[PDB]
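Peer 1: Here's a structure for you.
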Amino acid sequence: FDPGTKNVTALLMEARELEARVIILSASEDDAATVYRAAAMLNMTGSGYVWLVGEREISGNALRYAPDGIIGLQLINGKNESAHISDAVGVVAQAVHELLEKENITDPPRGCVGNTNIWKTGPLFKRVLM
Amino acid sequence: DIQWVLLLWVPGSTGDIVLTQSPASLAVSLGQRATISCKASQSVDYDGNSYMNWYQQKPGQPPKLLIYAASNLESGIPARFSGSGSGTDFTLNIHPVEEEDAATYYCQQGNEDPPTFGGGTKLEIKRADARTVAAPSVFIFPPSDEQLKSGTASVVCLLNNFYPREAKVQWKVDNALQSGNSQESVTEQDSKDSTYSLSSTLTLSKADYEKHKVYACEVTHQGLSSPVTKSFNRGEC
Amino acid sequence: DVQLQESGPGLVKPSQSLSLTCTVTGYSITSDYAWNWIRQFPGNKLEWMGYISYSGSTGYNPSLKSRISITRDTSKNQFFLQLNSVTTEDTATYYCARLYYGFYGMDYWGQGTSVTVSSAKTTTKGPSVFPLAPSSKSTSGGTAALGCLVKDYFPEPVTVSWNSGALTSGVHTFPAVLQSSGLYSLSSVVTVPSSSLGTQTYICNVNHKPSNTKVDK
């Protein structure tokens, strides 16, 4: 759908008629709050409906109308800057170590500005790092 | 010009006066010898003894001058104060501690600047020891639903007989991150009943009350650290 | 981690742009909390404030919905304010900390800066150099009259400290009525210590937010 839907009640009426009740919102928090208000207006919040949303969809202003019980997946290692940074550094270190232990370790040329320094072993390097 | 006319008590530990004595309530209370004396580490002693105006500044009651220049008493008040002390500190032992003498004594100096105020500690019920406890009278007013539409919330909670110095309302909510949340609404201090309450007004909108949990003003102070969680079920009033 | 320090300037000129610097530096700033100040002023109540996001929602109240402009300073993980034409009841104890979205309460001590409406020249007049004179004569009980007498500096709501981390047994802040003349005679006092006899000196060193002066006696 397009962002900025005003006739959200028709969407809930169509979803209620169908046998499926898995309502998934992953666009933003404004549409999340809108569909939460639309579901609370018709008293169809949690009564058999599946609400699987993430932390980004509930951040800002999205839980002001949703009752307690909405399944909100918290973004693990997505916003923290205390231990997630160290975890990413360790992952990159282990990755470059395993890459150096393997083959295809040719040093690319000096990629300066104003010069064509396309790495000829790009796909091979990405396959080794994968 | 240093301090203006402030009809309040000692502002906790970091008081706005350089003449304070104790951060919390005074150790000696009504019933035994209570000493009240300010401090002055500047050029105050002019022509011998300094000119300090001693008066019982009680919140709500007009103060009456009883001892001037810390050496002679003022007419109109019976001679019941020990006007001793010289130099820097002027000790004033208060043995007749009645229901009106237990007030804050500001040593109004008349040497550097006449319109000034001294220190003094308000004598009240010492509810910060192991003898007496500060029972918080938890009373939550139910806010109406129509008032929440305009943005105002009648969620005030009474905190009668609490700790006025260390006002730290430790909320027992499931999740709350804030370094200080307490509306300063303490009334005037009194030594007769001491029924002053802090009206912590957490004004929130209608949509904010929906996601808000059970409003429970749990008081956790240094005096009485007892768990008092009054579960107030929100709803239409 | 968890850093809710309010390092905002608490002393500016009247009717001047208040660049409230709220250096949170916590978990993340990309639209996770509200980060709004509470209008706690003795005498009246407050209203439901707004909340900022990644787009920089600088609208708290309908009156100042578009007047102020909160600059998103993602370089130091903080933001500035442009509070112009502030009134008396609006200018109060600010709590620009990691306010969780939902307005549940608090679980920490009392911190935060309180900006005043006093002029910078009126408040700054020179530290009163007064030598600490121990009384050692008012031996009444556990609490006596003894402490520092430093005055004539920045307003009371500042980073009050001691002589290189002295005894802080019974320290608690309490916002009171500020003086319009600018002669803030702030002086903290402790209950148990600094009430004994001998030569124990308890000179205080109240640090300042926009000056960081800890050498005045």
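Just so we're on the same page: first chain in the structure tokens is A, next is B, and so on; residues restart at 1 for each chain, and ligands are numbered from 1 in the order they show up.
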Please report as a list in words which residues of chain B come no farther than 12 Å from chain A, using only C-alpha atoms.

Peer 2: residues 204, 205, 206, 207, 208, 209, 210, 211, 212 and 213 of chain B

Peer 1: Export C-alpha atoms of the chosen residues as a PDB file, in the first residue's frame?

Peer 2:
```
ATOM      1  CA  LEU B 204      -0.373  13.957  30.927  1.00  0.00           C
ATOM      2  CA  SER B 205      -2.767  13.784  27.994  1.00  0.00           C
ATOM      3  CA  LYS B 206      -5.527  11.268  27.285  1.00  0.00           C
ATOM      4  CA  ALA B 207      -3.435   9.137  24.920  1.00  0.00           C
ATOM      5  CA  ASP B 208      -0.602   9.207  27.467  1.00  0.00           C
ATOM      6  CA  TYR B 209      -2.823   7.780  30.218  1.00  0.00           C
ATOM      7  CA  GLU B 210      -3.737   4.783  28.043  1.00  0.00           C
ATOM      8  CA  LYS B 211      -0.136   3.561  27.778  1.00  0.00           C
ATOM      9  CA  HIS B 212       0.598   4.616  31.373  1.00  0.00           C
ATOM     10  CA  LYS B 213       0.623   1.861  33.991  1.00  0.00           C
TER      11      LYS B 213
END
```

Peer 1: Counting only C-alpha atoms, which residues of chain A sit at most 7 Å from some atom of chain C, and what is each one's closest atom pair with its distance in Å to one decimal, listed by chain and rising residue number, as a tab-separated table?

Peer 2:
```
residue	atom	partner	partner_atom	distance
A:59	CA	C:32	CA	5.8
A:60	CA	C:31	CA	5.9
A:79	CA	C:28	CA	5.7
A:80	CA	C:27	CA	5.0
A:81	CA	C:27	CA	5.9
A:82	CA	C:1	CA	6.5
```

Peer 1: Could you give me, as JSON lines, a per-residue list for stretch 15-133 of chain B showing, wherever an atom lies at most 9 Å from an atom of stretch 187-196 of chain B, the closest pair of atoms and their distance in Å to one decimal, using only C-alpha atoms and sorting by chain then residue number from low to high?

Peer 2:
```
{"residue": "B:58", "atom": "CA", "partner": "B:190", "partner_atom": "CA", "distance": 7.9}
{"residue": "B:59", "atom": "CA", "partner": "B:188", "partner_atom": "CA", "distance": 5.6}
{"residue": "B:60", "atom": "CA", "partner": "B:188", "partner_atom": "CA", "distance": 7.2}
{"residue": "B:99", "atom": "CA", "partner": "B:192", "partner_atom": "CA", "distance": 6.6}
{"residue": "B:100", "atom": "CA", "partner": "B:191", "partner_atom": "CA", "distance": 8.0}
{"residue": "B:102", "atom": "CA", "partner": "B:191", "partner_atom": "CA", "distance": 6.9}
{"residue": "B:103", "atom": "CA", "partner": "B:191", "partner_atom": "CA", "distance": 8.0}
{"residue": "B:122", "atom": "CA", "partner": "B:189", "partner_atom": "CA", "distance": 7.9}
{"residue": "B:123", "atom": "CA", "partner": "B:191", "partner_atom": "CA", "distance": 6.8}
{"residue": "B:124", "atom": "CA", "partner": "B:191", "partner_atom": "CA", "distance": 5.1}
{"residue": "B:125", "atom": "CA", "partner": "B:191", "partner_atom": "CA", "distance": 7.2}
```

Peer 1: Which value, in Å to one decimal, gives the distance between atom CA of residue C:18 and atom CA of residue C:187?

Peer 2: 26.4 Å

Peer 1: Separation of atom CA of residue B:130 and atom CA of residue B:161, in Å?

Peer 2: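 Interatomic distance here is 15.8 Å.
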
Peer 1: Using only C-alpha atoms, which of the listed residues (C:100, C:79, C:153, C:162) sits closest to chain B?

Peer 2: C:100

Peer 1: Can you measure atom CA of residue B:152 to atom CA of residue A:43 for me? One decimal in Å is fine.

Peer 2: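 Spanning atom CA of residue B:152 to atom CA of residue A:43 is a straight-line distance of 26.8 Å.
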
Peer 1: Tell me, as number ranges by chain, which residues lie within 8 Å of stretch 173-185 of chain C, counting only C-alpha atoms; anything in the same chain fewer than 6 positions away does not count.

Peer 2: B: 1-4, 6, 11-18, 165-166; C: 93, 110-111, 116, 118-119, 122-124, 149-157

Peer 1: Restrict the selected residues to C-alpha atoms and save them as a PDB file, in the first residue's frame.

Peer 2:
```pdb
ATOM      1  CA  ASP B   1      20.613  42.993  48.762  1.00  0.00           C
ATOM      2  CA  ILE B   2      22.010  39.535  49.509  1.00  0.00           C
ATOM      3  CA  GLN B   3      18.724  37.810  50.388  1.00  0.00           C
ATOM      4  CA  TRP B   4      15.203  39.108  49.804  1.00  0.00           C
ATOM      5  CA  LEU B   6      11.586  34.665  51.442  1.00  0.00           C
ATOM      6  CA  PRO B  11      16.307  24.710  51.000  1.00  0.00           C
ATOM      7  CA  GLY B  12      17.579  21.258  51.932  1.00  0.00           C
ATOM      8  CA  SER B  13      21.327  20.729  52.108  1.00  0.00           C
ATOM      9  CA  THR B  14      22.316  23.212  49.375  1.00  0.00           C
ATOM     10  CA  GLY B  15      20.440  26.089  50.944  1.00  0.00           C
ATOM     11  CA  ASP B  16      20.393  29.578  49.468  1.00  0.00           C
ATOM     12  CA  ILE B  17      21.859  30.991  52.715  1.00  0.00           C
ATOM     13  CA  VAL B  18      25.452  30.927  53.965  1.00  0.00           C
ATOM     14  CA  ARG B 165      14.335  17.729  52.933  1.00  0.00           C
ATOM     15  CA  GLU B 166      15.043  14.529  50.962  1.00  0.00           C
TER      16      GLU B 166
ATOM     17  CA  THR C  93      13.738  23.496  36.817  1.00  0.00           C
ATOM     18  CA  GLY C 110      17.101  14.425  41.977  1.00  0.00           C
ATOM     19  CA  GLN C 111      19.239  15.992  39.255  1.00  0.00           C
ATOM     20  CA  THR C 116      17.028  31.468  35.705  1.00  0.00           C
ATOM     21  CA  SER C 118      18.702  36.836  35.937  1.00  0.00           C
ATOM     22  CA  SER C 119      21.254  38.807  33.945  1.00  0.00           C
ATOM     23  CA  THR C 122      24.175  40.762  37.857  1.00  0.00           C
ATOM     24  CA  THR C 123      24.984  37.193  38.919  1.00  0.00           C
ATOM     25  CA  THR C 124      28.720  37.405  38.168  1.00  0.00           C
ATOM     26  CA  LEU C 149      30.438  31.278  53.491  1.00  0.00           C
ATOM     27  CA  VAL C 150      31.109  31.531  49.751  1.00  0.00           C
ATOM     28  CA  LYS C 151      28.687  33.789  47.875  1.00  0.00           C
ATOM     29  CA  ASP C 152      28.472  36.199  44.919  1.00  0.00           C
ATOM     30  CA  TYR C 153      28.751  33.679  42.089  1.00  0.00           C
ATOM     31  CA  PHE C 154      26.528  31.746  39.674  1.00  0.00           C
ATOM     32  CA  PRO C 155      22.958  30.817  40.733  1.00  0.00           C
ATOM     33  CA  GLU C 156      22.227  28.002  43.180  1.00  0.00           C
ATOM     34  CA  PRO C 157      21.235  25.357  40.554  1.00  0.00           C
TER      35      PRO C 157
END
```
